[PDB]
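Asks: Following this line is data01.cif, made up of mmCIF, C-alpha atoms and all ligand atoms:
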data_coords
loop_
_atom_site.label_atom_id
_atom_site.label_comp_id
_atom_site.auth_asym_id
_atom_site.auth_seq_id
_atom_site.Cartn_x
_atom_site.Cartn_y
_atom_site.Cartn_z
CA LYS A 1 266.47 -111.71 44.19
CA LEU A 2 267.79 -109.00 45.41
CA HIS A 3 269.84 -107.57 42.57
CA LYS A 4 272.82 -105.21 42.70
CA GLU A 5 273.01 -101.85 41.09
CA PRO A 6 276.08 -99.65 40.41
CA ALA A 7 276.59 -97.19 43.26
CA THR A 8 278.08 -93.72 42.72
CA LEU A 9 279.87 -92.51 45.82
CA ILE A 10 279.81 -88.81 46.75
CA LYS A 11 281.45 -89.33 50.18
CA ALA A 12 281.60 -91.66 53.17
CA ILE A 13 279.88 -90.13 56.24
CA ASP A 14 280.38 -92.46 59.24
CA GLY A 15 280.42 -96.20 60.05
CA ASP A 16 276.96 -96.98 58.72
CA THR A 17 276.00 -94.06 56.46
CA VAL A 18 277.39 -92.94 53.08
CA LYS A 19 276.37 -90.31 50.55
CA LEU A 20 275.54 -91.64 47.09
CA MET A 21 274.51 -89.92 43.88
CA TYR A 22 271.38 -92.04 43.29
CA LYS A 23 269.61 -91.28 39.95
CA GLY A 24 271.50 -88.21 40.24
CA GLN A 25 270.28 -87.06 43.63
CA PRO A 26 272.71 -86.65 46.53
CA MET A 27 271.24 -89.10 49.01
CA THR A 28 272.27 -90.44 52.39
CA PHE A 29 272.11 -94.23 52.51
CA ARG A 30 271.93 -96.07 55.83
CA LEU A 31 273.31 -99.60 55.97
CA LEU A 32 270.64 -102.28 56.57
CA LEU A 33 270.74 -104.55 59.66
CA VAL A 34 273.70 -102.87 61.46
CA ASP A 35 274.58 -100.19 64.00
CA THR A 36 278.02 -98.63 64.22
CA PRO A 37 279.06 -96.36 67.11
CA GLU A 38 278.69 -92.62 66.59
CA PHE A 39 281.82 -90.73 65.24
CA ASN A 40 282.59 -89.61 68.86
CA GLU A 41 281.91 -92.94 70.69
CA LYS A 42 284.35 -95.74 71.23
CA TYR A 43 285.15 -97.57 67.94
CA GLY A 44 283.24 -94.82 66.13
CA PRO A 45 286.28 -93.31 64.41
CA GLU A 46 287.42 -96.86 63.53
CA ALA A 47 284.02 -97.87 62.06
CA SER A 48 283.94 -94.61 60.05
CA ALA A 49 287.42 -95.22 58.68
CA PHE A 50 286.71 -98.85 57.85
CA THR A 51 283.57 -98.05 55.81
CA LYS A 52 285.27 -95.05 54.21
CA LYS A 53 288.28 -96.90 52.90
CA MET A 54 286.31 -100.02 52.03
CA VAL A 55 283.93 -98.12 49.74
CA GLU A 56 286.55 -95.57 48.47
CA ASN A 57 289.07 -98.22 47.41
CA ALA A 58 286.64 -100.44 45.57
CA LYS A 59 286.67 -100.38 41.78
CA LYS A 60 283.12 -101.81 41.80
CA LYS A 61 280.70 -100.07 44.23
CA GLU A 62 277.18 -101.53 44.44
CA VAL A 63 273.91 -100.92 46.28
CA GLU A 64 271.35 -103.71 46.81
CA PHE A 65 267.90 -102.86 48.19
CA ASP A 66 266.02 -105.47 50.21
CA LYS A 67 262.40 -106.55 49.52
CA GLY A 68 260.76 -103.92 51.71
CA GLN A 69 260.98 -100.20 52.32
CA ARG A 70 263.83 -98.55 50.37
CA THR A 71 263.89 -95.36 52.39
CA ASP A 72 263.38 -94.79 56.14
CA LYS A 73 261.32 -92.11 57.88
CA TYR A 74 264.24 -89.73 57.50
CA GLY A 75 264.34 -90.08 53.71
CA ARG A 76 267.59 -92.09 53.82
CA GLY A 77 268.13 -94.96 51.39
CA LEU A 78 268.20 -98.38 53.11
CA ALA A 79 270.48 -100.88 51.41
CA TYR A 80 273.27 -103.34 51.50
CA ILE A 81 276.46 -101.83 50.07
CA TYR A 82 279.12 -103.96 48.38
CA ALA A 83 282.71 -103.12 47.52
CA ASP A 84 284.34 -105.38 44.92
CA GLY A 85 281.76 -108.02 45.79
CA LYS A 86 282.22 -107.88 49.56
CA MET A 87 279.31 -106.59 51.69
CA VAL A 88 280.25 -103.62 53.82
CA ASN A 89 277.41 -104.40 56.26
CA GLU A 90 278.82 -107.90 56.83
CA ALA A 91 282.49 -106.84 57.00
CA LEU A 92 281.70 -104.24 59.75
CA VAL A 93 279.92 -106.85 61.85
CA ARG A 94 282.64 -109.48 61.26
CA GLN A 95 285.28 -107.00 62.53
CA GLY A 96 283.29 -106.13 65.65
CA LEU A 97 282.78 -102.55 64.39
CA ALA A 98 278.99 -102.82 64.13
CA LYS A 99 276.28 -104.74 66.00
CA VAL A 100 273.44 -106.48 64.15
CA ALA A 101 270.56 -104.03 64.76
CA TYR A 102 267.32 -102.58 63.42
CA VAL A 103 266.15 -105.90 62.05
CA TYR A 104 262.74 -105.29 60.44
CA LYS A 105 260.81 -108.16 58.81
CA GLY A 106 260.24 -106.37 55.45
CA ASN A 107 264.00 -105.96 55.06
CA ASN A 108 265.90 -108.87 56.61
CA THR A 109 267.27 -110.99 53.78
CA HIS A 110 270.85 -111.09 55.08
CA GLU A 111 269.95 -111.41 58.78
CA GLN A 112 271.35 -114.92 59.32
CA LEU A 113 274.61 -114.08 57.40
CA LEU A 114 275.20 -111.06 59.66
CA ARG A 115 274.35 -112.98 62.84
CA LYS A 116 276.92 -115.61 61.90
CA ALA A 117 279.49 -112.81 61.44
CA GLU A 118 278.48 -111.23 64.74
CA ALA A 119 278.89 -114.53 66.56
CA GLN A 120 282.47 -114.85 65.25
CA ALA A 121 283.30 -111.28 66.29
CA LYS A 122 281.80 -112.03 69.74
CA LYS A 123 283.73 -115.31 70.18
CA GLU A 124 286.94 -113.40 69.29
CA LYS A 125 286.04 -110.52 71.68
CA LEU A 126 286.81 -108.11 68.82
CA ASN A 127 286.50 -104.35 69.26
CA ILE A 128 282.92 -103.73 70.39
CA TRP A 129 282.95 -107.14 72.04
CA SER A 130 286.30 -106.64 73.74
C1 LIG B 1 268.80 -99.15 59.99
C2 LIG B 1 267.42 -98.52 60.05
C3 LIG B 1 267.20 -97.43 60.91
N1 LIG B 1 265.94 -96.89 60.96
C4 LIG B 1 265.63 -95.79 61.87
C5 LIG B 1 265.45 -96.34 63.29
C6 LIG B 1 265.94 -95.19 64.16
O1 LIG B 1 264.84 -94.28 64.23
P1 LIG B 1 264.46 -93.44 65.55
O2 LIG B 1 265.31 -92.24 65.20
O3 LIG B 1 263.02 -93.12 65.46
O4 LIG B 1 264.96 -94.20 66.72
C7 LIG B 1 267.02 -94.53 63.32
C8 LIG B 1 268.42 -95.05 63.68
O5 LIG B 1 269.41 -94.62 62.75
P2 LIG B 1 270.90 -94.27 63.21
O6 LIG B 1 271.41 -95.53 63.83
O7 LIG B 1 271.48 -93.83 61.87
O8 LIG B 1 270.79 -93.11 64.18
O9 LIG B 1 266.69 -94.86 61.97
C9 LIG B 1 264.89 -97.40 60.17
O10 LIG B 1 263.76 -96.86 60.25
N2 LIG B 1 265.07 -98.45 59.32
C10 LIG B 1 266.29 -99.04 59.25
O11 LIG B 1 266.43 -100.01 58.47
CA CA B 2 274.71 -95.59 64.23
#
Kindly return the structure encoded in the file as structure tokens.

Replies:
Amino acid sequence: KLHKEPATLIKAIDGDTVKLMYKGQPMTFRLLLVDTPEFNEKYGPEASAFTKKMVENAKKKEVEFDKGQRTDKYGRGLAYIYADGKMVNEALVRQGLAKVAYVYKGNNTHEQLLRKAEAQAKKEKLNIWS
């Protein structure tokens, strides 16, 4: 309750940040509840590429704010991002390309969903968990 919103993509940045045109400012958005490696750390180039293609290839790009703060202290948007109905945040965790991270109580609606995904990635020893 939680609603999605069309997202306009300027460019993918790395595993867990993307640049959107949001009411027609260029704005970095940071993915809620996850942490990908930096572009120059192990699985960093893979996380970047996964997010990039996932959002680029989607006909329908959406942003969904949580119930709490919509920007962080750095002025980045904080959201879940969906590509043709699939959550990027979740897909990264499921593939072992992001850890569940930065879980704040104002903004934690999809926590249990991402922890389930993380547990599957862990069990499978996938990427980060290898
Ligand atoms: C994901 C997320 C990060 N942050 C902050 C925490 C970290 O701040 P500090 O810089 O003070 O440690 C930083 C991590 O982002 P990155 O993982 O993009 O570097 O962004 C939030 O404030 N809210 C959030 O929802
Ligand atoms: Ca990161």

Asks: Find, counting only C-alpha atoms, the residue in A:78, A:98, A:55, A:33 that gets nearest to residue 15 (chain A).

Replies: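 Once distances to residue 15 (chain A) are computed over only C-alpha atoms, the minimum belongs to A:98.
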
Asks: Once you count only C-alpha atoms and all ligand atoms, which residues end up within 8 Å of ligand LIG 1 (chain B), and could you hand them over as a PDB file with C-alpha atoms, keeping the file's coordinate frame?

Replies:
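Wrote out_4.pdb, looks like this:
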ATOM      1  CA  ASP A  16     276.960 -96.980  58.720  1.00  0.00           C
ATOM      2  CA  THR A  17     276.000 -94.060  56.460  1.00  0.00           C
ATOM      3  CA  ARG A  30     271.930 -96.070  55.830  1.00  0.00           C
ATOM      4  CA  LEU A  31     273.310 -99.600  55.970  1.00  0.00           C
ATOM      5  CA  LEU A  32     270.640-102.280  56.570  1.00  0.00           C
ATOM      6  CA  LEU A  33     270.740-104.550  59.660  1.00  0.00           C
ATOM      7  CA  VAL A  34     273.700-102.870  61.460  1.00  0.00           C
ATOM      8  CA  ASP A  35     274.580-100.190  64.000  1.00  0.00           C
ATOM      9  CA  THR A  36     278.020 -98.630  64.220  1.00  0.00           C
ATOM     10  CA  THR A  71     263.890 -95.360  52.390  1.00  0.00           C
ATOM     11  CA  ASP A  72     263.380 -94.790  56.140  1.00  0.00           C
ATOM     12  CA  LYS A  73     261.320 -92.110  57.880  1.00  0.00           C
ATOM     13  CA  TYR A  74     264.240 -89.730  57.500  1.00  0.00           C
ATOM     14  CA  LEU A  78     268.200 -98.380  53.110  1.00  0.00           C
ATOM     15  CA  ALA A 101     270.560-104.030  64.760  1.00  0.00           C
ATOM     16  CA  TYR A 102     267.320-102.580  63.420  1.00  0.00           C
ATOM     17  CA  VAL A 103     266.150-105.900  62.050  1.00  0.00           C
ATOM     18  CA  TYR A 104     262.740-105.290  60.440  1.00  0.00           C
ATOM     19  CA  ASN A 107     264.000-105.960  55.060  1.00  0.00           C
TER      20      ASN A 107
END

Asks: How many Å separate CA of residue 60 (chain A) from CA of residue 126 (chain A)?

Replies: 28.0 Å

Asks: Distance CA of residue 120 (chain A)-CA of residue 91 (chain A), one decimal place?

Replies: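 These atoms are spaced 11.5 Å apart.
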
Asks: Here is a test: counting all atoms listed in the file, which residue of A:3, A:67, A:94, A:115 is nearest to residue 50 (chain A)?

Replies: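 Of the candidates, the smallest distance to residue 50 (chain A) is held by A:94.
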
Asks: Show me, as an MDAnalysis selection string, the residues that have an atom within 8 Å of residue 97 (chain A) when counting all atoms listed in the file, minus same-chain residues fewer than 3 positions from it.

Replies: chainID A and resid 36:37 43:44 46:47 92:94 127:128

Asks: Tell me which of A:87, A:79, A:114, A:2 sits closest to residue 29 (chain A), counting only C-alpha atoms.

Replies: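 Of the candidates, the smallest distance to residue 29 (chain A) is held by A:79.
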
Asks: Rank nothing, just name the residue among A:22, A:95, A:7, A:111 nearest to residue 124 (chain A), using only C-alpha atoms.

Replies: A:95

Asks: CA of residue 113 (chain A) to CA of residue 10 (chain A): how many Å, to one decimal?

Replies: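 According to the coordinates, CA of residue 113 (chain A) and CA of residue 10 (chain A) are separated by 27.9 Å.
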
Asks: When distances are computed from only C-alpha atoms, which of A:63, A:100, A:49, A:58 shows the smallest separation from residue 77 (chain A)?

Replies: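 Among A:63, A:100, A:49, A:58, it is A:63 that comes nearest to residue 77 (chain A).
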
Asks: Have a look at A:8, A:130, A:57, A:40 and name the one nearest to ligand CA 2 (chain B); count all atoms listed in the file.

Replies: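 Checking each candidate against ligand CA 2 (chain B), we get A:40 as the closest.
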
Asks: Please return, as an MDAnalysis selection string, all polymer residues that have at least one atom within 10 Å of the point (260.7, -110.7, 51.1); use all atoms listed in the file and the file's own coordinate frame.

Replies: chainID A and resid 1:2 66:68 105:109

Asks: Grab all the atoms of region 45-53 of chain A that the file lists, wrap them in a box along x, y and z, add 4 Å per side, and give me centre plus edge lengths in Å (one decimal) as AutoDock Vina command-line options.

Replies:
--center_x 285.9 --center_y -96.1 --center_z 58.7 --size_x 12.7 --size_y 13.5 --size_z 19.5

Asks: Mind listing as a list in words all residues within 10 Å of (282.2, -106.7, 45.3), counting all atoms listed in the file?

Replies: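 Output of the proximity query reads residues 4, 55, 58, 59, 60, 61, 62, 81, 82, 83, 84, 85, 86, 87 and 88 of chain A.
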
Asks: Next, the residues of the selection above should be written as a PDB file, in the coordinates of the input with C-alpha atoms.

Replies:
ATOM      1  CA  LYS A   4     272.820-105.210  42.700  1.00  0.00           C
ATOM      2  CA  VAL A  55     283.930 -98.120  49.740  1.00  0.00           C
ATOM      3  CA  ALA A  58     286.640-100.440  45.570  1.00  0.00           C
ATOM      4  CA  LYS A  59     286.670-100.380  41.780  1.00  0.00           C
ATOM      5  CA  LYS A  60     283.120-101.810  41.800  1.00  0.00           C
ATOM      6  CA  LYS A  61     280.700-100.070  44.230  1.00  0.00           C
ATOM      7  CA  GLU A  62     277.180-101.530  44.440  1.00  0.00           C
ATOM      8  CA  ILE A  81     276.460-101.830  50.070  1.00  0.00           C
ATOM      9  CA  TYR A  82     279.120-103.960  48.380  1.00  0.00           C
ATOM     10  CA  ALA A  83     282.710-103.120  47.520  1.00  0.00           C
ATOM     11  CA  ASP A  84     284.340-105.380  44.920  1.00  0.00           C
ATOM     12  CA  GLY A  85     281.760-108.020  45.790  1.00  0.00           C
ATOM     13  CA  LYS A  86     282.220-107.880  49.560  1.00  0.00           C
ATOM     14  CA  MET A  87     279.310-106.590  51.690  1.00  0.00           C
ATOM     15  CA  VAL A  88     280.250-103.620  53.820  1.00  0.00           C
TER      16      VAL A  88
END

Asks: At the level of C-alpha atoms, write region 17-128 of chain A to a file as a PDB file, in the first residue's frame, please.

Replies:
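Done, and the output landed in result-v2.pdb:
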ATOM      1  CA  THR A  17      22.014   2.618  -7.846  1.00  0.00           C
ATOM      2  CA  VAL A  18      20.343   3.930 -11.020  1.00  0.00           C
ATOM      3  CA  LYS A  19      19.695   7.386 -12.421  1.00  0.00           C
ATOM      4  CA  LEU A  20      16.027   8.226 -12.999  1.00  0.00           C
ATOM      5  CA  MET A  21      14.306  11.287 -14.400  1.00  0.00           C
ATOM      6  CA  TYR A  22      11.916  11.772 -11.454  1.00  0.00           C
ATOM      7  CA  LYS A  23       9.374  14.614 -11.981  1.00  0.00           C
ATOM      8  CA  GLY A  24      11.817  15.647 -14.445  1.00  0.00           C
ATOM      9  CA  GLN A  25      14.866  15.882 -12.222  1.00  0.00           C
ATOM     10  CA  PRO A  26      17.901  13.668 -12.850  1.00  0.00           C
ATOM     11  CA  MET A  27      18.072  11.793  -9.572  1.00  0.00           C
ATOM     12  CA  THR A  28      20.149   8.932  -8.227  1.00  0.00           C
ATOM     13  CA  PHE A  29      17.982   6.231  -6.666  1.00  0.00           C
ATOM     14  CA  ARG A  30      19.448   3.732  -4.209  1.00  0.00           C
ATOM     15  CA  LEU A  31      17.786   0.330  -3.953  1.00  0.00           C
ATOM     16  CA  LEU A  32      16.103  -0.314  -0.581  1.00  0.00           C
ATOM     17  CA  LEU A  33      17.205  -3.199   1.694  1.00  0.00           C
ATOM     18  CA  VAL A  34      20.241  -4.367  -0.353  1.00  0.00           C
ATOM     19  CA  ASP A  35      23.990  -3.907  -0.767  1.00  0.00           C
ATOM     20  CA  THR A  36      25.822  -4.829  -3.935  1.00  0.00           C
ATOM     21  CA  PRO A  37      29.643  -4.889  -4.144  1.00  0.00           C
ATOM     22  CA  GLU A  38      31.348  -1.771  -5.467  1.00  0.00           C
ATOM     23  CA  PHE A  39      32.097  -1.674  -9.292  1.00  0.00           C
ATOM     24  CA  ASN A  40      35.740  -2.699  -8.512  1.00  0.00           C
ATOM     25  CA  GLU A  41      35.062  -5.415  -5.865  1.00  0.00           C
ATOM     26  CA  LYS A  42      34.379  -9.051  -6.515  1.00  0.00           C
ATOM     27  CA  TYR A  43      30.913  -9.578  -8.112  1.00  0.00           C
ATOM     28  CA  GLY A  44      30.699  -5.793  -8.496  1.00  0.00           C
ATOM     29  CA  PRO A  45      30.910  -5.783 -12.296  1.00  0.00           C
ATOM     30  CA  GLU A  46      28.394  -8.671 -12.337  1.00  0.00           C
ATOM     31  CA  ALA A  47      25.906  -6.888 -10.026  1.00  0.00           C
ATOM     32  CA  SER A  48      26.230  -3.712 -12.132  1.00  0.00           C
ATOM     33  CA  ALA A  49      25.573  -5.627 -15.342  1.00  0.00           C
ATOM     34  CA  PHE A  50      22.641  -7.523 -13.872  1.00  0.00           C
ATOM     35  CA  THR A  51      20.829  -4.368 -12.692  1.00  0.00           C
ATOM     36  CA  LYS A  52      21.718  -2.556 -15.920  1.00  0.00           C
ATOM     37  CA  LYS A  53      20.278  -5.114 -18.274  1.00  0.00           C
ATOM     38  CA  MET A  54      17.331  -5.917 -16.020  1.00  0.00           C
ATOM     39  CA  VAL A  55      16.143  -2.293 -15.964  1.00  0.00           C
ATOM     40  CA  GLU A  56      17.220  -1.460 -19.583  1.00  0.00           C
ATOM     41  CA  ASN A  57      15.395  -4.419 -21.135  1.00  0.00           C
ATOM     42  CA  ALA A  58      12.127  -3.924 -19.324  1.00  0.00           C
ATOM     43  CA  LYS A  59       9.206  -2.449 -21.246  1.00  0.00           C
ATOM     44  CA  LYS A  60       7.612  -1.456 -17.918  1.00  0.00           C
ATOM     45  CA  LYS A  61       9.989   0.254 -15.430  1.00  0.00           C
ATOM     46  CA  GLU A  62       8.529   1.140 -12.017  1.00  0.00           C
ATOM     47  CA  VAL A  63       9.595   2.744  -8.748  1.00  0.00           C
ATOM     48  CA  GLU A  64       7.814   1.992  -5.455  1.00  0.00           C
ATOM     49  CA  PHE A  65       8.628   4.056  -2.353  1.00  0.00           C
ATOM     50  CA  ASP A  66       8.260   2.466   1.077  1.00  0.00           C
ATOM     51  CA  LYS A  67       6.290   4.027   3.984  1.00  0.00           C
ATOM     52  CA  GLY A  68       9.183   6.028   5.411  1.00  0.00           C
ATOM     53  CA  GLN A  69      11.888   8.361   4.187  1.00  0.00           C
ATOM     54  CA  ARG A  70      11.960   8.665   0.375  1.00  0.00           C
ATOM     55  CA  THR A  71      15.423  10.169   0.172  1.00  0.00           C
ATOM     56  CA  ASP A  72      18.563   9.441   2.221  1.00  0.00           C
ATOM     57  CA  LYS A  73      21.037  11.896   3.748  1.00  0.00           C
ATOM     58  CA  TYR A  74      22.784  12.092   0.389  1.00  0.00           C
ATOM     59  CA  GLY A  75      19.645  13.229  -1.436  1.00  0.00           C
ATOM     60  CA  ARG A  76      19.268   9.868  -3.226  1.00  0.00           C
ATOM     61  CA  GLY A  77      15.808   8.420  -3.812  1.00  0.00           C
ATOM     62  CA  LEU A  78      15.153   5.237  -1.772  1.00  0.00           C
ATOM     63  CA  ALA A  79      12.864   2.773  -3.513  1.00  0.00           C
ATOM     64  CA  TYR A  80      12.109  -0.640  -4.776  1.00  0.00           C
ATOM     65  CA  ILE A  81      12.579  -0.830  -8.557  1.00  0.00           C
ATOM     66  CA  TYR A  82      10.600  -3.242 -10.717  1.00  0.00           C
ATOM     67  CA  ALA A  83      11.206  -4.369 -14.284  1.00  0.00           C
ATOM     68  CA  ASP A  84       8.215  -5.943 -16.038  1.00  0.00           C
ATOM     69  CA  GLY A  85       6.774  -6.709 -12.613  1.00  0.00           C
ATOM     70  CA  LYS A  86       9.898  -8.311 -11.165  1.00  0.00           C
ATOM     71  CA  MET A  87      11.675  -6.534  -8.279  1.00  0.00           C
ATOM     72  CA  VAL A  88      15.286  -5.734  -9.043  1.00  0.00           C
ATOM     73  CA  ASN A  89      16.109  -5.605  -5.305  1.00  0.00           C
ATOM     74  CA  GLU A  90      14.801  -9.169  -4.868  1.00  0.00           C
ATOM     75  CA  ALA A  91      16.371 -10.566  -8.065  1.00  0.00           C
ATOM     76  CA  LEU A  92      19.861  -9.291  -7.028  1.00  0.00           C
ATOM     77  CA  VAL A  93      19.576 -10.967  -3.629  1.00  0.00           C
ATOM     78  CA  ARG A  94      18.167 -14.205  -5.122  1.00  0.00           C
ATOM     79  CA  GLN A  95      21.197 -14.410  -7.473  1.00  0.00           C
ATOM     80  CA  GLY A  96      23.702 -13.830  -4.679  1.00  0.00           C
ATOM     81  CA  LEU A  97      24.708 -10.457  -6.189  1.00  0.00           C
ATOM     82  CA  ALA A  98      23.513  -8.385  -3.226  1.00  0.00           C
ATOM     83  CA  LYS A  99      23.245  -8.942   0.537  1.00  0.00           C
ATOM     84  CA  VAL A 100      20.158  -7.859   2.489  1.00  0.00           C
ATOM     85  CA  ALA A 101      21.444  -4.676   4.173  1.00  0.00           C
ATOM     86  CA  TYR A 102      20.535  -1.253   5.547  1.00  0.00           C
ATOM     87  CA  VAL A 103      17.264  -2.462   6.996  1.00  0.00           C
ATOM     88  CA  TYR A 104      15.619   0.549   8.668  1.00  0.00           C
ATOM     89  CA  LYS A 105      12.233   0.199  10.422  1.00  0.00           C
ATOM     90  CA  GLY A 106      10.544   3.111   8.560  1.00  0.00           C
ATOM     91  CA  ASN A 107      11.304   1.407   5.251  1.00  0.00           C
ATOM     92  CA  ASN A 108      11.227  -2.382   5.572  1.00  0.00           C
ATOM     93  CA  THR A 109       8.078  -3.624   3.858  1.00  0.00           C
ATOM     94  CA  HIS A 110       9.823  -6.241   1.708  1.00  0.00           C
ATOM     95  CA  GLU A 111      12.312  -7.378   4.370  1.00  0.00           C
ATOM     96  CA  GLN A 112      10.990 -10.927   4.800  1.00  0.00           C
ATOM     97  CA  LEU A 113      10.701 -11.457   0.975  1.00  0.00           C
ATOM     98  CA  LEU A 114      14.363 -10.465   0.531  1.00  0.00           C
ATOM     99  CA  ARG A 115      15.527 -12.590   3.475  1.00  0.00           C
ATOM    100  CA  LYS A 116      13.813 -15.612   1.932  1.00  0.00           C
ATOM    101  CA  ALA A 117      15.667 -14.877  -1.339  1.00  0.00           C
ATOM    102  CA  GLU A 118      18.941 -14.418   0.525  1.00  0.00           C
ATOM    103  CA  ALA A 119      18.516 -17.740   2.297  1.00  0.00           C
ATOM    104  CA  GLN A 120      18.095 -19.524  -1.067  1.00  0.00           C
ATOM    105  CA  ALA A 121      21.178 -17.813  -2.499  1.00  0.00           C
ATOM    106  CA  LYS A 122      23.098 -18.818   0.661  1.00  0.00           C
ATOM    107  CA  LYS A 123      21.945 -22.469   0.546  1.00  0.00           C
ATOM    108  CA  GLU A 124      23.075 -22.590  -3.119  1.00  0.00           C
ATOM    109  CA  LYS A 125      26.427 -20.902  -2.265  1.00  0.00           C
ATOM    110  CA  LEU A 126      25.786 -18.500  -5.167  1.00  0.00           C
ATOM    111  CA  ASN A 127      28.263 -15.769  -6.064  1.00  0.00           C
ATOM    112  CA  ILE A 128      28.721 -13.693  -2.902  1.00  0.00           C
TER     113      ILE A 128
END
